[PDB]
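Novice: Pasting the sequence and an experimental structure:
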Amino acid sequence: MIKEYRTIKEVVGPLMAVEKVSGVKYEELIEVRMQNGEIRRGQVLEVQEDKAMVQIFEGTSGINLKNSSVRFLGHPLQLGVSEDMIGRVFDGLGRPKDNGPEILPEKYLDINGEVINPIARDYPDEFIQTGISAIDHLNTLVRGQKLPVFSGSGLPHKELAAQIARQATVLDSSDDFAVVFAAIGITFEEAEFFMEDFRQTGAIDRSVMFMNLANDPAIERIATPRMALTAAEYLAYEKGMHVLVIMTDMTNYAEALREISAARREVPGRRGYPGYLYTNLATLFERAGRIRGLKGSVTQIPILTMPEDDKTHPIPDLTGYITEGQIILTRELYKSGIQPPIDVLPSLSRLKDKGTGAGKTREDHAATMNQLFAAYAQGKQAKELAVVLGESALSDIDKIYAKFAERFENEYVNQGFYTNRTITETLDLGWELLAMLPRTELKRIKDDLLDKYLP
Amino acid sequence: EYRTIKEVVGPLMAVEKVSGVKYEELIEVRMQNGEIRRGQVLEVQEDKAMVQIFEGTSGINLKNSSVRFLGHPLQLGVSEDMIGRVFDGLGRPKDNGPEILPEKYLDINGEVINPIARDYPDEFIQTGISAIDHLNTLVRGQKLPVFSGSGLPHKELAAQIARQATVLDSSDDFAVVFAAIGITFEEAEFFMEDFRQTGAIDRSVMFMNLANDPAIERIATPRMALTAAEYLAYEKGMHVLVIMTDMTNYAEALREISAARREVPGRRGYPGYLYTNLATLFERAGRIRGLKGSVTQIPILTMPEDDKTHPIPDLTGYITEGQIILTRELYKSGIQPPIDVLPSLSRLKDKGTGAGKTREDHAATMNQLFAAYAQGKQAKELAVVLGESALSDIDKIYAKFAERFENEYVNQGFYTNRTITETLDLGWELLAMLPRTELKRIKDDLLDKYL
Amino acid sequence: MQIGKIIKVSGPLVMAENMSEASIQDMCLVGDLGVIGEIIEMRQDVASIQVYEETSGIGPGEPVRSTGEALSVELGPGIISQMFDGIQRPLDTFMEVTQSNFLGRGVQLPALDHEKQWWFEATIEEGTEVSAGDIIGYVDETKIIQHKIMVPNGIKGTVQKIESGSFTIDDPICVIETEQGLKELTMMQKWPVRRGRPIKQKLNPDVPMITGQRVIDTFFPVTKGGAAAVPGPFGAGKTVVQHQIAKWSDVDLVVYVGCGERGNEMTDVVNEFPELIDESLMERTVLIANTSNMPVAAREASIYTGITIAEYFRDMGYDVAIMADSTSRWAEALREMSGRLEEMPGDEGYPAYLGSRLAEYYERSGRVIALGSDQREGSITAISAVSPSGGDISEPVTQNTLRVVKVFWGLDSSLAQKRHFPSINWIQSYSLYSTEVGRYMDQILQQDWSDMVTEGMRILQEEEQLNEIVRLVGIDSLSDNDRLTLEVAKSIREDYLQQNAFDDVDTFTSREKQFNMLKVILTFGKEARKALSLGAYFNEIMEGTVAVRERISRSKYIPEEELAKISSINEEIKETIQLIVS
Amino acid sequence: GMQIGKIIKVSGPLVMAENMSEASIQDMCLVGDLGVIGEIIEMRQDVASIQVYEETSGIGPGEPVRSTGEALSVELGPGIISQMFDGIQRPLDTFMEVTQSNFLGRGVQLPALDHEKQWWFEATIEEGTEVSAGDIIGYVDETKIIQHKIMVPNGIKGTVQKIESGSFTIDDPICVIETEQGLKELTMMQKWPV
Ligand SMILES: Nc1ncnc2c1ncn2[C@@H]1O[C@H](COP(=O)(O)OP(=O)(O)NP(=O)(O)O)[C@@H](O)[C@H]1O
Ligand SMILES: [Mg+2]
């Protein structure tokens, strides 16, 4: 027996209030039976005395309060998980979307998951070669990391994402990546782009997809990444796969939280965002990494568009305080024809040290990486002055640094979306750029290393 | 002993079925274990009062506790025996010396002085700091604040002023009333050791409020200290100098109580009534006609993020008679005290200077040094933009002047007490770098007398 | 004996009726699963409880038991070298008892090992009058830290019976004749995390900590018993700064509190620290971990359990450094509860008492005389991270912290992007300990260090002055004196300020090495300055000093065993430049 | 005229009093036993919300609120000239004399003008003359410079029945007028809201 009550008191926006109930628990999953027989899922946000306040994922459009009922199903929202999910397309709530069969869940998992004991974690240090110099060398990705892409509308984050899923691999191994794709409020054309590329490369047959699109209810999106991460954590730690998780666009996720936050009339934070935005986001992004003694992994590449291209906006700000770096795309580099248009200066990877070097990439990884940044930051400042005050307003050597920043952008960072460079090709190209400069400038590299590698 | 505690919300407490209770009236909590905690009424209603406990609220069992309404607010027991003694902001002793035999107990709010009763500040006060004494003179009965910042040495400056403050050719001595509002132990110990070390304590009364002391005590501190000062000044006839740091910590506590009562902030997050509150404090200073003594105030405040637009420095600036401003630009080049003369101002300097009070040449030199320093800084800029060569030889001198003026005149060190005469002499020495042709704001009468 | 009834559940905030027997701040077991909570409000018989665990699946009608006690820590042997969660549950033991890699709920677990045998050495004689803080004896907890058993606060009397032996932390090891009657003591005492442990006297911290990080030790030093903040935007290097101090500083003991941060960061420390030396590094280290996705309210609990553990070791006469990383999450946890309680916020949404909360924490840190006849000295140095939204430090958490600390290491995102590390803004940062530390350093090195440092900052400050005017017209038209100035500032920034944590050699610099590098840099500016005044040209000097300036630049890389290879640059400077004038 | 109510809440500058139905919005009032200045901002049934402009410290519920009967006003008459006032027209000189104190003591209430003083009022208008607001019925040489003309106050239309020169205080009847509401007495002073 399930608990059903025919006492809806209030339907306001996405929120429903049910009264005269008992046995209801915080976070319990609910189904609204509408007067016409339609079924809509929901979640208990608040439970007090004989009342419960629930959020409806599917909206509250067309409900008659008097004639509808609410079922309280006796548990939190769960995903029915199975290795048979592999190769299937689901909607935002985990229901089949592709006309295919089943599935008979091996088990049900609560989509909130559980926190990985920090004693139980393996520290992530296996270099993934994406084939993109601006990542592998300067903002290195390692298996088990969360490394987001900060972007902006009109920018090719989806092109970059697909490139990475397409070429990513660890070295000295034939391991592949299972991909969990979560679409959150994105358009058909965007979702179809990933679909088209996954079919072309055959990665479709090792992927699980959770699809909430721009026409799907917004509140559903609060559930969507959690379905996807529950699927990924299951695949990795319970079925031992290496999992790549790509969720886009996270900005839509945070917009949904605000909608509920506003509808509940909670105390607002910045811009109407709730005080728990940081915490909520961390309960997604910290579901990545590796566990001692288990052979799988979860590598997360969340994507967001920064509102107004403003990285100080709460979404990118807090997201940046949670994840392990970020790859930033800029409108300036994009218009200049640089692909991918990664702006390396504000980009970062926090897990690059233990994942690079002798026995992982090459012993000159970190020195050249640091050197390149120094020369690029300075060269970029010199290049811009020269655009304003003329080349004549530049020093003899700053003229060189400026030409360096042109070559760095045009040759090194700009490789194209179908170009897969080995780390060895990338490190070697790095040197060819550094050789543009006088030996005295290269303070970030020790004499031992210069003698050996510099032409 | 009402046994009627209805609610505890954080450090706030709701007390029921009480009568005759007043706003800001002191309370006692008798807990179930017998522990006593003190509090104050923050709000009072027909049937209930809201109180705040100072020690906070942890471990109190509501139904087994009782509250007593003391029947009075915070009051200061004044005596002439408080000189050379250290208290907390509530006026209890912190020095481990004998107990105070109070003449009487006074309310700490004070009163508005009828304007026609005020006397114009007459006397020069020798702080011993050239940057103040010469260019921004402090006069008996003035309210001259110091505007500082985080990581800026107002600590040292405050201690120096308190050691060196003196009136000239008076044998009459300054009582110094010192208030610390929400400052760290480390800062408070520095002040206490300094006063002890130099014997400055023998003239002083200290009210030492710490950062981990309750907010209510922190709001009480300045009022305790000003009541004591007004007692010494207008009852004992003493000349009192009141130094209060940090005033930003006091505004911080005001916010805390403001929220407790669910009041919506005015400008920049602070109570609407901040101006009344700050005005009320700072105007308790001056001379009164027909009364021997005087109170002089130097409130010290830190401007958050160095923002002079900030409500605290901005509202304070309207109330007080000028301001002395410290800057990190100066501090980082090692200028001690890092006082910027250009944005600093004393509004009553003229009343304290010239023949009979300092020396006849005071004003003229101040005006000249002020201009020559302005010109020097401009000359410095010119040097950068147009280069060594575009500089007039007269221009190079101004450059060197501004450099010496920061390095030798303004930079006297936190332990150097300069007489007004040394300051004046050093100014002349510095002005002597220029040609007579350039010292346009000094009468030739004075040029011939002092070089 | 009284059982509450949940009437409301909403996130980490639960309300239970029939609680009239309980007290504010009492710990509670909440619901059918008995999750750990705290009463924070009482309206009549109704407790508002904040839960230190997850509340999904809990609802009205379930029981509440109050334990009658406040959040406490267990202090005794078995504490060092362990990773605890926010409410002091040992994370290694949790994994083995619960048989999981994931974190469960409502599971009660003693902080320390109560079955472990320690050898207790009694060092007191029977019939000695004792009180709070007196060391009756000690256990060798690690090869380097000796765990001193002290008479708990509250107990005054005469040692009746004591002897050495093998015991658990439960066994009575001493009996004391008290006025209330005989009391027996174990090796463990309980302390409420929200009370500061009492002391005899607070002292002024006058001894500089060695961080080995050049920018800190030179320009913005922290003393032992001082309090510093590192406010910075994300990715600026707050975490890495704190790892460096945990690794290299000359404190006795390190308590690292990860408050609302990355899980990986904590696993980095447990794994890397045993492999390091200072004798293993983990053997002087305590770890509280409450990650970003663990329960919000446990963030506060962690800050408090850490400082309390720190104070406990302070009383023993040790020097303790406590890193809180980051205090913003703690404040943000307070912001979450405040919002859930529907309180009237202070600025930016934080509760109005935010400042007072911070001041309580920092005022607990500091150099002291601990209780007891021995009158031991112990220090607590607080190093805190602050994480202002968008890197804007007008925000309340940074602003309120700056008012109670004496060191500010402000990190700059612009310095991080060009990979200048540590990314400390030399213009904006300060240390109130700067003047006292200069004195201590002058005495130790037997050189004029104070003066070097003043000139260093003076040059950096001039660089700033210049760069303002320069960024619009400069360089082409600059005077030679000023061109030189920009070069000395550039040498400081690149040759001295910039230091990489991950380089084998550059990860740490001794004072002897810091002094030698800075001398070499200033000697250049001095000797070059004197040459310009003799008639030489900037261009002449620079072109003629290329080789020597490379040596200065690479001196950060010289091994500690070879400092002569640095101090010998000073002779080459003087000879080279003396030569160019002729 | 004066209206007395009872304080039911004290919260910082905010005071609430009940039984104020005879009071009006924007009225000035004296708050508490002490009598510090306040203004009625709001009214709900019989409950007035009052902004208090002096320290409310030590005021509690049960204490009176005395309503002035009017909004902020000035006394206008002989005795105004050469005086120094504050913003609400408190007479600074008189404060010193009556009070024998150097402070504007809180709760201390003093009329702006001297109501005890003698003035020679020279009548210049004749009996039986029709009058309206603004007409000069006489004057007083108030100072060595200025002549204070006594005008028929706003709201009065009529005929002058009785008027005589002589020495009066600013509170004495100096003229009788036949209005539509029967006879009315004029004095040398008028009140106006600021
Ligand atoms: N001193 C240093 N030496 C070398 N690399 C550094 C240093 N400081 C920071 N970095 C690099 O910058 C990254 C970010 O440093 P980190 O301490 O994690 O920033 P943070 O300010 O703590 N970010 P958050 O925790 O989001 O506020 C590190 O992974 C390093 O790659
Ligand atoms: Mg960090």
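Specialist: The structure has been received and is ready for your questions. Numbers count the residues shown, from 1 in each chain, chains lettered A, B, ... in the order given. Ligands and ions are numbered 1, 2, ... in the order given.
Novice: and the residue lying closest to residue A:426 once chain neighbours are set aside, what are its phi and psi?
Specialist: Nearest residue to residue A:426, sequence neighbours excluded (C-beta to C-beta, 6 or more residues apart in numbering or on different chains): residue A:133, at 4.2 Å. Every C-beta, even on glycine, is put in place using the N, C-alpha and C of the backbone. Dihedral angles of residue A:133 (phi, psi; degrees, to the nearest 10) stand at phi -50, psi -50.
Novice: Next: residue C:190.
Specialist: The phi/psi pair for residue C:190 (degrees, to the nearest 10) is phi -100, psi 140.
Novice: circling back to that earlier point, surely the residue nearest to residue A:426 and residue A:414 touch.
Specialist: No. Counting by C-beta atoms under 8 Å, residue A:133 does not reach residue A:414; the two are 9.6 Å apart.
Novice: Mind checking which of these two has more residues around it?
Specialist: Neighbours per residue (other C-beta atoms under 10 Å in any protein chain shown) separate residue A:133 from residue A:414, with residue A:133 holding more: 24 against 19.
Novice: Just list the residues touching the more buried one, thanks.
Specialist: Contacts for residue A:133 (C-beta atoms under 8 Å, 6 or more residues apart in numbering or on different chains) come out as A:412-413, A:415, A:421, A:426, A:429-430.
Novice: same question, residue A:158
Specialist: Going by C-beta under 8 Å, 6+ apart, residue A:158 touches A:190, A:193-194, A:248, A:303.
Novice: Those residues: which two are farthest apart?
Specialist: Spanning the widest gap among the contacts of residue A:158 are A:193 and A:303, at 12.3 Å by C-beta to C-beta.
Novice: Neighbour count for the two, which is higher?
Specialist: residue A:303 (23 against 16).
Novice: Three-state assignment for the more buried one, please.
Specialist: Secondary structure for residue A:303, judged by DSSP: H, G, I helix; E, B strand; the rest coil, is strand.
Novice: got the residues of chain D near ligand 1?
Specialist: Taking C-beta under 6 Å from any ligand atom, no part of chain D reaches ligand 1.
Novice: in chain D, what residue is nearest ligand 1?
Specialist: Closest to ligand 1 within chain D is residue D:12: 39.4 Å, counting by C-beta to the nearest ligand atom.
Novice: out of everything not next to it in sequence, what's closest to that residue?
Specialist: residue B:261 (6.0 Å).
Novice: quick one on the thing from earlier: out of the contacts of residue A:158, which sit inside strands?
Specialist: A:248, A:303 (DSSP state E).
Novice: Neighbour-wise, which one of the contacts of residue A:133 leads?
Specialist: residue A:426 (25 neighbours).
Novice: looking at this, that residue is in a helix?
Specialist: Yes. Counting by three-state DSSP, residue A:426 is part of a helix.
Novice: wait, doesn't it sit right on residue A:136?
Specialist: Yes. The criterion here is C-beta under 8 Å, and residue A:426 meets it with residue A:136 at 5.6 Å.
Novice: Tell me how many other residues crowd residue C:511.
Specialist: 16.
Novice: pretty sure it contacts residue C:444?
Specialist: Yes. Here residue C:511 reaches residue C:444: they are 7.2 Å apart, a contact under C-beta under 8 Å.
Novice: before we move on, back to that, could you single out the nearest of the contacts of residue A:158 to residue C:261?
Specialist: Among the contacts of residue A:158, and counting by C-beta to C-beta, the member closest to residue C:261 is residue A:303, at 23.1 Å.
Novice: State the phi and psi torsions of the most centrally placed residue in chain C.
Specialist: Within chain C, one residue has its C-alpha closest to the average C-alpha position: by C-alpha atoms, centre = their mean, that is residue C:323, at 2.1 Å. For residue C:323, the backbone dihedrals are phi -100, psi 130 (criterion: degrees, to the nearest 10).
Novice: That one against residue C:383, yeah?
Specialist: Yes. Judged on C-beta under 8 Å, residue C:323 makes contact with residue C:383 at a distance of 4.8 Å.
Novice: so what sits against both of the two?
Specialist: Taking C-beta under 8 Å, 6+ apart as the criterion, residue C:323 and residue C:383 both touch C:242, C:245.
Novice: tell me which parts of chain D are close to chain C?
Specialist: Within chain D, no position is adjacent to chain C by C-beta under 8 Å from any C-beta of the partner chain.
Novice: Tell me how many other residues surround the residue of chain D found nearest chain A.
Specialist: Residue nearest to chain A within chain D (C-beta to the nearest C-beta): residue D:11, separated by 21.9 Å. By the measure other C-beta under 10 Å, the count of residues near residue D:11 is 18.
Novice: Then residue C:296?
Specialist: 29.
Novice: And for residue C:578?
Specialist: Neighbours around residue C:578, by other C-beta under 10 Å: 13.
Novice: what's the answer for residue A:5, then?
Specialist: Residue A:5: 18 surrounding residues under other C-beta under 10 Å.
Novice: which residues sit in contact with it?
Specialist: Contact analysis of residue A:5 by C-beta under 8 Å, 6+ apart lists A:18, A:20-21, A:69-70, A:72.
Novice: Could you export the residues you listed as TSV, including neighbour count and secondary structure?
Specialist: Shown next, in TSV, are those (neighbours: other C-beta atoms under 10 Å in any protein chain shown; DSSP: H, G, I helix; E, B strand; the rest coil):
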residue	neighbour count	secondary structure
A:18	26	strand
A:20	11	coil
A:21	20	coil
A:69	15	strand
A:70	25	strand
A:72	25	strand
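Novice: Now render the residues you listed as TSV, adding distance to residue C:216.
Specialist: Shown next, in TSV, are the contacts of residue A:5 (distance: C-beta to C-beta, whole Å):
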residue	distance to residue C:216
A:18	58
A:20	63
A:21	59
A:69	65
A:70	60
A:72	57
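Novice: just to revisit the earlier point, beta partners of the residue nearest to the centre of chain C?
Specialist: Beta-bridge pairing for residue C:323 (DSSP bridges): residue C:256, residue C:383.
Novice: What of residue C:287?
Specialist: residue C:83, residue C:256.
Novice: show me the contacts for it.
Specialist: Here residue C:287 is in contact with C:82-84, C:255-258, C:266, C:269-270 (criterion: C-beta under 8 Å, 6+ apart).
Novice: So what's the residue count around the nearest residue to residue C:232 once chain neighbours are set aside?
Specialist: Closest residue to residue C:232 apart from its sequence neighbours, by C-beta to C-beta, 6+ apart: residue C:411 at 3.0 Å. Counted with other C-beta under 10 Å, the neighbours of residue C:411 add up to 25.
Novice: what's the answer for the one 3 residues further on, then?
Specialist: The number of residues packed near residue C:414 is 15, by other C-beta under 10 Å.
Novice: Tell me the spacing between residue A:440 and residue C:554.
Specialist: Note on residue A:440: its distance to residue C:554, by C-beta to C-beta, to the nearest Å, is 11 Å.
Novice: and these two? which has more neighbours close in?
Specialist: residue C:554 (16 against 12).
Novice: where does the more buried one land in three-state SS?
Specialist: helix.
Novice: which residues touch it?
Specialist: Contacts of residue C:554 (C-beta under 8 Å, 6+ apart): A:443, A:446-447.
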